[PDB]
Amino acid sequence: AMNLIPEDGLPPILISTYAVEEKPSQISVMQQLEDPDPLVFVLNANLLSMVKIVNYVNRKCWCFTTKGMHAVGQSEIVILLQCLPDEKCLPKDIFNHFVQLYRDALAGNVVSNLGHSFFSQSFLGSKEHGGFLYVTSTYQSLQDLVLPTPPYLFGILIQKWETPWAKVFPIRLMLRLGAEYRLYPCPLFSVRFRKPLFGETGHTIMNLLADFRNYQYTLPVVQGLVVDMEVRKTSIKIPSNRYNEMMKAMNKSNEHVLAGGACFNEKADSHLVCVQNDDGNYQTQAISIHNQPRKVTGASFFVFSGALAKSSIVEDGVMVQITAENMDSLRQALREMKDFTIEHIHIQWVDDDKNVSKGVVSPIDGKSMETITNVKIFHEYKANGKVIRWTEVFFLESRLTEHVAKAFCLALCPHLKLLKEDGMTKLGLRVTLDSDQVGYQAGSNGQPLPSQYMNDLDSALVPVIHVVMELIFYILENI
């Protein structure tokens, strides 16, 4: 029911008439793969997986994608598994992993950019296959790939020895993979049976900033915070919508030390890499977008010490020593949300960090959601064999939202079967509240909902309603 992958054989195949073919022939599936459109597999009634052989960055790959993760508050997943020389069967373990990820999302545990998944049993034929590191594509090629609707993440297969880095400092692993394959910032494909890029964590400077034994804590991270290194200039760029995240990090620090992890700096032409040698000792290296002389280089962490301004690079991060007075001055400016200047050292409050992914549109009218704030929902109604779920809300700029959500779902419950059969699976409700006006709009597939449901929607929403807000709903199959 929740898992249609059998003990022996492939999961059912989906055919456009839609029809389902249970236990498909592995010979026919392999034949079809060696001849535009991907094969569609049914992992469950709400989760599909597309498979296609692609020539990606001069490597023959298995392109595995998902459809159904959005309905459970998770980004769709893409795995580009490099082919083993003359691979006979389809690598089924990917399907098992996709189902596990679906179960996790249903329980409230989702994977995001630089997130991870670890394995309990052996995976893809080796016990040294530790998990996946999820990335959002930045500069990597997407050349003739049949991709899901955004948001989607690329799952990169990682070794058991790289697992402490994915948990504690995933940006280091991401960038180290990029250095290894000569791709900026990291490859989007997965390679089985490769040698681990990290061994025992040893005497890394990270021991001082994170917990490798028990993984109780790590570096405080501020989403969108980047470190720019230039000739005689070091800058920490904090997004203006992240004041509270910065304040929480400042209160979780010493009076003499201000440390933090950094995000991937998209605007940089290069990024610092930490390489571990065969002896277990570390080195500082760097990777570049064009291999042109480095102008703006990103760093993976920053440390400010009020014990001296003087700066250094330690592994893949920046270490700055300032006077105790300059530390009090810096801490004061940050509390006032002001910029601070100290070779030059800058702490600048920059443009808001976009929560929403690129290419995300409204199901109502196709308006872009890229510059709109997003709140995922983990807290559904069943009717006519179907399920209606409220997965998220966008604040175009909690008590009312929850009431608006229930009223919308209840009004549509007698109609869930008719909506699904007619192609209306992803639905949206936009509520407007102004001093003068107070109104609502509903839709699916970039069109209004059929007129026959509007009387039912009015009678349920009007009492509740009588600030722009857009709620997302999904109609699923009851499992």
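Note that residue numbering begins at 1 and tracks the sequence as displayed.
Of the two stretches examined, 86-94 and 154-162, the record assigns the greater average C-alpha temperature factor to 86-94.
For the two regions 434-442 and 38-46, the entry's Cα B-factors average higher over 434-442. By the numbers in the PDB entry, the CA B factor is greatest at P220 among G199, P148, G131, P220. Note on the listed residues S235, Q285, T371, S190: the highest Cα temperature factor in the record is that of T371. Among all modelled residues in this chain, the alpha-carbon of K248 has a temperature factor (C-alpha) in the highest third.
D365 sits in the lowest third of its chain by CA B factor, as recorded in the PDB entry. Among all modelled residues in this chain, the alpha-carbon of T323 has a temperature factor (C-alpha) in the middle third. When the modelled residues of the chain are ordered by C-alpha B-factor, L476 sits in the middle third.
Sort the modelled residues of the chain by CA B factor and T65 lands in the lowest third.
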